[PDB]
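Colleague: This is the structure, below, for whatever I ask next.
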Amino acid sequence: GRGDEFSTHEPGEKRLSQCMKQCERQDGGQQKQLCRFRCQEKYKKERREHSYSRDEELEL
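My numbering applies: residue 656 is where the sequence shown begins, and numbers increase by one.
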């Protein structure tokens with residue numbers, strides 16, 4: 656009895672999750688609009704690459 660469907664999660668989606676994290680912290684409304692927009696395009700174009708990466712964030 657499989658019941659409720661169950662499946663694994665793609666590591667690629669994690670990068671998009673970071674976009675949501677960054678977008679939320681951004682002020683105004685325009686900032687949120689493009690940050691999500693470009694991430695979707697990047698997600699579609701790249702599909703997959705790195706499970707975890709650090710670039711936009713500042714160490715200090």
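Think of the CB as a built atom: it goes at the ideal place given N, C-alpha and C, for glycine as much as any other residue.
So that I know if they touch, is there some Cβ in chain D lying closer than 8 Å to that of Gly683?
Modeller: The structure shown has no chain D; it contains just one protein chain.
Colleague: Closest to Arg703 by C-alpha separation, out of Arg670, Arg693 and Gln681, would be which residue?
Modeller: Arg670
Colleague: Tell me whether the beta-carbon of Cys694 lies closer than 8 Å to the beta-carbon of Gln681.
Modeller: Not in contact: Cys694 and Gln681 (Cβ atoms no closer than 8 Å).
Colleague: Please state if the CB of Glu711 and the CB of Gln677 are separated by a distance shorter than 8 Å.
Modeller: yes
Colleague: Looking at the unbroken alpha helix (DSSP H) that takes in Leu689, where does it start and where does it end?
Modeller: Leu689: member of the alpha helix (DSSP H) spanning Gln685 to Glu701, first to last residue.
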